[PDB]
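Residue strings, one per chain:
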Amino acid sequence: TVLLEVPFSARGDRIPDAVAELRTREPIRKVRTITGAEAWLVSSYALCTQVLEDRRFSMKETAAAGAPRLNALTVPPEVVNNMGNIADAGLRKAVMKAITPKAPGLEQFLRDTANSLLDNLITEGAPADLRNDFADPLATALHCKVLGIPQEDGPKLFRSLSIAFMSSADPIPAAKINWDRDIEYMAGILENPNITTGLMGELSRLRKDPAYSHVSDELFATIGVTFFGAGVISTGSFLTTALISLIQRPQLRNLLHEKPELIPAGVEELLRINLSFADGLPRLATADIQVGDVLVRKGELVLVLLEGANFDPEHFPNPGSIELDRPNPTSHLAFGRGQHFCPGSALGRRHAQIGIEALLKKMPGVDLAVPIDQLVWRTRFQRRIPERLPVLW
Ligand code: HEM
Ligand SMILES: O=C1N[C@@H](Cc2ccc(O)c(Cl)c2)C(=O)N[C@H]1Cc1ccc(O)cc1
């Protein structure tokens, strides 16, 4: 037989039995990626945390020419170091402040938008597609608001994402076409005097501030494209797969309906059990480093399997059960850990909380309209998502 291949499954509704077997028997072990490269797959909470907390396992270096690759780049190599470039330009604090959910009116915008989307679905009648006609539109509207760009530009930017977030063995010509076009769009936004709010409004002001005169226009536009893209794909995909986990747990669905103050704790458990990331997080070793029983060598690829950590019974007893009273509820790795911890974690939480709150109020009897095995799971993609999520209520 051939070396074990990753990823194991594109399904986002069940974790394969192989994960628990590897975690117990070989929590770091060699696998083969879709490009044909070898890598170390890390699947226990202890070893996943070790890797993510040691910067000698470098995100930036995964873009080096000739490196063993998880998948092909869909962005220019410099963009793998996006957060480092933002930090070096002195923009970290400004970006972080712009993507907080605490901006005035933003939560009321989210609620209003969620309720309008649901009203339209009710009006049209069942079955409804909760991904294409609820979760993803809600994500897109939120990120247009956060960025300060017109709501009507959301759909065209969104249509790049089914290619931009592909997990491909080879370079993708369409990724470059859409990237160059979306960069041109964000560059136009920086020169548009109508754009004065949100992240792009703030970047547009800083761009003309003498303290930032040598920050490149390329970086400013890239921040817009990457934060829209990562934010929308991440929140839309998480919300979609969380709704599946909720629908499949009618007791929890009813509890959260009856006691909405528990929704934050429920979203924390839905994050923990979420399978939205289709591959382990990649890092390239910049030194020889012992991880468990393996000496990883400089230049090797390591993959941090988030569901390995998050379903590890040694850290989360009864890991497959959603339990709202865990003593360590936020210690999951759904947002990563260490240098590259998700900068939009608070906003992703509020997106899901408000979306679920609205759905349970408007459609308390929501249920799948097809057998769960009929969901079609997107393949060769950086997220696990069903192509359609048909529900009735
Ligand atoms: C529930 C939703 C979200 C999930 C589950 C999520 C998950 C993650 C994870 C696991 C990482 C770490 C990747 C790594 O270490 O290799 C990450 C990074 C990132 N997230 Fe999120 N995220 C979410 C929402 C958002 C939002 C709303 C934004 C922006 C508005 C965003 C922007 C990013 C960016 C830019 C990075 C890269 C950070 C870096 O390179 O250092 N995410 N996200
Ligand atoms: O900001 C980044 N940091 C790093 C790390 C990263 C990679 C993939 C992700 O999914 C996440 Cl979430 C993080 C990067 O390589 N690229 C962007 C995100 C991004 C990728 C493609 C695209 O078309 C738009 C944005």
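Residues numbered from 1 in each chain as written, not as in the entry; some residues may be left out. Chains lettered and ligands numbered in written order. Heavy atoms only, no water.

Per the PDB entry, the protein goes by the name Mycocyclosin synthase and belongs to Mycobacterium tuberculosis. For this entry, the PDB record gives the title as "CYP121 in complex with 3-chloro dicyclotyrosine". In the Catalytic activity part of its UniProt record, the protein is described as follows: "cyclo(L-tyrosyl-L-tyrosyl) + 2 reduced [2Fe-2S]-[ferredoxin] + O2 + 2 H(+) = mycoclysin + 2 oxidized [2Fe-2S]-[ferredoxin] + 2 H2O". Note on the protein: under the UniProt heading Cofactor, the record states "heme". (UniProt positions renumbered as here; feature names shortened; annotations may be inferred.)

J.: How should the site of ligand 2 be read in this particular structure?
T.: Close contacts around ligand 2 come from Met59, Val75, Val79, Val80, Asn82, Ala164, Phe165, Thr226, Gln382 and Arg383, and that covers them all. The contact in question runs from an oxygen atom of ligand 2 to an N or O atom on the side chain of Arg383, over 3.4 Å. (Near = heavy atom within 4 Å. Polar contact = N/O pair within 3.5 Å; in protein donor to acceptor, adjacent residues only side chain to side chain.)

J.: Explanation requested: a nonpolar patch on the surface in the structure shown.
T.: Taken together, the side chains of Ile122, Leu392 and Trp393 make up a nonpolar region of the molecular surface, amounting to roughly 230 Å² of accessible area. For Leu392, a relative accessible area of 36% corresponds to the partly exposed category. (Patch = residues over 30% accessible without salt bridge, like charges linked within 9 Å, V, L, I, M, F, W, Y side chains within 5 Å. Areas by Shrake-Rupley, 256 points an atom, 1.4 Å probe, with all protein chains shown as cover. Salt bridge = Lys/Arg side-chain N within 4 Å of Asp/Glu carboxyl O. Buried < 20%, exposed > 50% of the residue type's maximum accessible area, 1.4 Å probe, protein only.)

J.: Is there a simple way to think about empty space enclosed by the protein in this case?
T.: Summed over the entire model, instances satisfying the criterion amount to four cavities of 30 Å³ or more. Approximately 80 Å³ is the volume found for the largest cavity. If you go around the largest cavity, the residues you meet are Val6, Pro7, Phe8, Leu41, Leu70, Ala278, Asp279, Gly280, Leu303, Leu305, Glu307 and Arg384. Among the residues forming the lining of the largest cavity, the class breakdown is eight nonpolar, one polar and three charged. (1 Å grid on protein atoms, 1.4 Å probe; cavity = no way out; pocket = protein on both sides within 12 Å on 5 of 7 lines; lining within 4 Å. Points joined across faces, edges and corners; volume = space filled by probe spheres on them. Nonpolar A, V, L, I, M, F, W, Y, C, P; charged D, E, K, R; others polar.)

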